[PDB]
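# Analysis of the macromolecular model
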Amino acid sequence: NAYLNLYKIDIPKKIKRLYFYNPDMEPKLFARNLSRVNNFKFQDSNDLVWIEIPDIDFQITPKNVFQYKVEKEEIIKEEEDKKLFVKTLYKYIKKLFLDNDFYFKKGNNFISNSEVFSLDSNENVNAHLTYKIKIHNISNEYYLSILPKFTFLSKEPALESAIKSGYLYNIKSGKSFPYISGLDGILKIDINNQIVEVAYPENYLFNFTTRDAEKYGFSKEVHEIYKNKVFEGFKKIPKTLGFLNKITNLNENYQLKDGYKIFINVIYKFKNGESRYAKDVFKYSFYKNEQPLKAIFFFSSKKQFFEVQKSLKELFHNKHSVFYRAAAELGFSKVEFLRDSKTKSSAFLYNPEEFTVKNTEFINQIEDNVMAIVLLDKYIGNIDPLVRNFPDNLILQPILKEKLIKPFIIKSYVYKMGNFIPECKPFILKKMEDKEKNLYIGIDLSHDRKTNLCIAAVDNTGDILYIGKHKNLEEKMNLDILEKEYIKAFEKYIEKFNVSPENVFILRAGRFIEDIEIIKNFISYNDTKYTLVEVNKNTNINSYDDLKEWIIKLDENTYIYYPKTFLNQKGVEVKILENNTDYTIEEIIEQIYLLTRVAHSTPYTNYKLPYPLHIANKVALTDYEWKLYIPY
RNA sequence: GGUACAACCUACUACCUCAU
DNA sequence: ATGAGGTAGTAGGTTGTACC
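Residues numbered from 1 in each chain as written, not as in the entry; some residues may be left out. Chains lettered and ligands numbered in written order. Heavy atoms only, no water.

Looking at the entry header, you'll see X-ray crystallography listed as the method and 3.1970 Å as the resolution.

This brings us to the protein's contact with DNA strand C. With respect to spatial proximity, 20 residues lie near DNA strand C, and among them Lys94, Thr210, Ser219, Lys279 and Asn538 are the closest. Between a phosphate oxygen of DNA strand C and a side-chain N or O atom of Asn108, the distance comes to 3.1 Å. Between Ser219 and DNA strand C, the recorded distance is 2.5 Å, taken from a side-chain N or O atom to a phosphate oxygen. Of all the secondary structure elements, the ones that give two or more residues to the surface near DNA strand C are α2 (82-99), α3 (210-216) and α4 (219-228). Across the surface near DNA strand C, the residue classes break down as six nonpolar, six polar and eight charged. (Near = heavy atom within 4 Å. Polar contact = N/O pair within 3.5 Å; in protein donor to acceptor, adjacent residues only side chain to side chain. Helix = DSSP H or I, 4+ residues; strand = E, 2+ residues; numbered from the N terminus. Nonpolar A, V, L, I, M, F, W, Y, C, P; charged D, E, K, R; others polar.)

Turning to the packing of helix α13 (residues 476-497) against helix α14 (residues 516-524), a few remarks are in order. Helix packing for two helices is described by the angle between their axes and how far apart those axes are. Running from N to C, α13 and α14 point in directions that differ by 25 degrees, and their axes come no closer than 11 Å. Of the possible angle classes, the one that applies to α13 and α14 is roughly parallel. Crossing angle aside, the handedness with which α13 passes α14 is right-handed. Here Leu479, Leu482, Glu483 and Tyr486 of α13 come into contact with α14, specifically with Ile518, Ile519, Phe522 and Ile523. (Axes fitted to C-alpha atoms, helices over the stretch in contact; angles between N-to-C directions. Parallel < 35°, antiparallel > 145°, perpendicular 65-115°, else oblique. Left-handed = near helix turned anticlockwise from the far one by under 90°. Contact = heavy atoms within 4.5 Å.)

Moving on: the protein's contact with RNA strand B. As a matter of local geometry, RNA strand B sits amid 37 residues, with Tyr226, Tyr379, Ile380, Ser601 and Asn606 nearest to it. In RNA strand B, atoms within 4 Å of the protein come 73% from sugar and phosphate. Contact distances for RNA strand B include 3.3 Å between a base nitrogen and a side-chain N or O atom of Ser412. The side chain of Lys416 places a nitrogen or oxygen atom 2.8 Å from a phosphate oxygen of RNA strand B. At the level of elements, β24 (395-400) and α12 (407-420) are the ones that each hand at least two residues to the surface near RNA strand B.

Before going further, it helps to examine the side chain of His614. With respect to the element layout, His614 can be found in helix α16 (residues 611-621). With residues up to four places along the chain from it excluded, the contact list for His614 reads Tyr607 and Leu609.

We now examine the pairing of strand β27 (residues 451-458). One face of the sheet, then the other: side chains in a regular strand alternate in exactly this way. Burial runs high along β27: eight of the eight residues are buried. Side chains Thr451, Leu453, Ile455 and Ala457 project from β27 onto one buried face, and the interleaved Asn452, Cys454, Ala456 and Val458 project onto a second face that is buried too. Both strand β26 (residues 438-447) and β27 contribute to a ladder of eight bridges, which runs antiparallel. Residue pairing in the sheet places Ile443 in a bridge with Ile455 of β27. Once β27 ends, the chain turns through five residues before running back antiparallel as strand β28 (residues 464-470), passing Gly462 with a positive phi of about 120 degrees. (Buried < 20%, exposed > 50% of the residue type's maximum accessible area, 1.4 Å probe, protein only. Pairing = 2+ DSSP bridges.)

On the basis of which strands lie adjacent, the open sheet formed by five strands has the order β2-β10-β9-β8-β7 and antiparallel pairing. A single partner strand is all that each edge strand has here, and the edge strands are β2 (6-8) and β7 (102-105). On average, each strand axis in the sheet is tilted by 35 degrees relative to the strand beside it, whichever way the strands run. Sheet topology note: the β7/strand β8 (residues 109-118) ladder contains four bridges and is antiparallel.

Moving on: the pairing of strand β20 (residues 292-299). In terms of burial, β20 is largely enclosed, as seven of its eight residues are buried. Note: β20 against strand β22 (residues 347-349), three bridges, orientation parallel. Pairing of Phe297 across the sheet is with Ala347, part of β22.

What follows is the structure, given as C-alpha cells:
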C-alpha cells in the first residue's frame, strides 16, 4: 500500500476569536507584549486586544493573563470564511514549530536545531533536518502535507566559524543579511546600505551558495545526502514532530483508497514497430521520414577548424562513423553536405563576437531546410546574438567543441535535427493516435506591474500549430487578448486539418484568477466541447515510496502525477476545473500525462509538463532563446 | 549551447495589518 | 508617499546527476 505524506487535521473547522481587556496597560503595548511572548500575533481594537486561534486548547502566555479575558467570544466557521481558517491555521502551525525550537524559513520551511549532523566532506558544515508544511483541502476536508528536506548551515556562529560566506541567517529573526565584517569581536551586516553592529554574533549562522559548496568540496555530498538520507526524514516524523499532535494524529498515515493510484504506461509508435522506450527510435526508425539530411558547417576560425578537424573528420566525414550510422537508423533518405560553387569547401566561417557571417550568394540562395552545424568554443554568457544574427531561413544546430565523444550525445543531436524537420514525425503516442480531433493549448502568465501572456497549441502527434506571446501591461481587456489568441490558434488548427476541433483542451499554469464564465462562454458557443484544466508544478505531496510514472487521485476533481526523471521525484497537480467533453475525468487526466510524452527533446530525457504548457512557459521566459529548443 | 531536471542562495513583485 | 511587521508566488543564475 502506497504511503502518502498527508495527515488529516482532526480539529473543529471553526476558528474562535477571543478578547482580552487590560485596564492597567495601554492596549497596543499589551498586544505587542502578548504577540512577542506567545510567538503569535495579537491584534488591538479600540479598547480591547484580540487573537484569532483554531478551536483547540491554546495556552496563553503568561497564565496571569486569564484575568483580562472576557466571556465574549466569536466563532467563525470554516464554511463562512475558508481563507481565515487556513491562514489562522498556518499561524498556529508556525507558533507550534517556533515553540518547539524550530527555525522559520521562507516558504513554510522549519529547520531543526537539535537534529543536525556534521558533513563527512566538511566538518565545519552542519546539515539541519528541515520540514516543509502545507495545508491542502481535498474531499471537503483539511489535510497537512509534510516534506523532509535539508538545510545546510555552518556548525558554529560566524565569528567562531572557520567557513565564511556572503550572507548570514538569523536563528531568532529568520531573515538573512549580507555579511560585511567580523572584525574585533563585533559582526557587521548590511540591511538600503545601512551597516550596524548586531548584539548577538552567536545567533547568526552561515548559509551557502552552490559555488561555495563546490569551493569547499561538500557540493556532491549535498546531493548524496538528499537522495540518500531523505527516507529517515519520513520515518522520524511522529517522533520529531509529535508536538503537532494537537491538530493531527501522526501515527496514523494517509491511506489511498484502492483504485485511486494508477500506473500509466506509454508506448511509442514507430515506423516498423512500437516500444515503451524512447531510445528504441534507433531500432525502429522514425514513424515518418524518408527525407534527406542536408547540412553545412560553421567554424569560429580556421585555427579551431584545424584543431577540431581530427575528431571532426572521423566523426562526420567517414561513412562508417556513428553520425551516418545513426542518421540511417532514424530513416533519413541520405546524408549530404552542401558545397558552394565559390570554393569546394563545405565549411564556413563566422566571427564569435557578433555571431554574424558575411552574406554570401550560396547562403542567400540556399534551400529551405538545412542544418547549420555551429561549433562553439565554450559556453557563452548570452546566446540571443546567435539567434538574432544568424541567417533567418536556416535551422540552427549548435554543438560545443568540448562535446566533440559520447555516442548518445551525437545520437541526441541527430534526433534534434529530426525533430526540427516539419515532414518528419519521430513518433506518435499509441494512445494519442485517435486524438486527432482534440486541440491542446497551454496558457502561461509571467509577471514583471505589467504582466505578459503566452499560449501554445499542439495536436496529438506533437506538431506545434501556433504560439502566441504578448508583453502588454496588466480583466476584460486581457480576456479580449485571450479570445483573439484562442481564435488565432483555432484558425491554425482548422488550417492544418480543414476541420473545426470537436474537443479543445485548455491547460493553464496555476489557478484561474481570471473570469471563468466568459472563457467557457466564448469557447463553448461554437458548439465545441471544452475542458478547463489547472496545472501546478508546485505541490508538496510526496512519499518515500517511488511514485514515478504514477497518477494519484486525491479527490474526484484533483489528481497528481509524477513524471519519470532520474532525480528525486516531484509531483505535478492536475485539476479538471470544468468539463463538458465526451471524455471522462480519468481519460482527460491520462491525456494530460500523455502530453508530457508527445514530444522528446532527446530520446533519453523526459518533459515534466504537458507539451503545450512547457512550450508556453519556455516562450514566456525568454524572447529569443526558446527558438533554439522549440521547432516553430 | 545534444538535453531533462533536482538542489541552492539571492532578489523582486503583489497583497495584509499596523501606522508617520 | 513611506516605512514597519507578515505571507505568497516566481525570476536570476550556479552546480549536481543522468541519458550511454
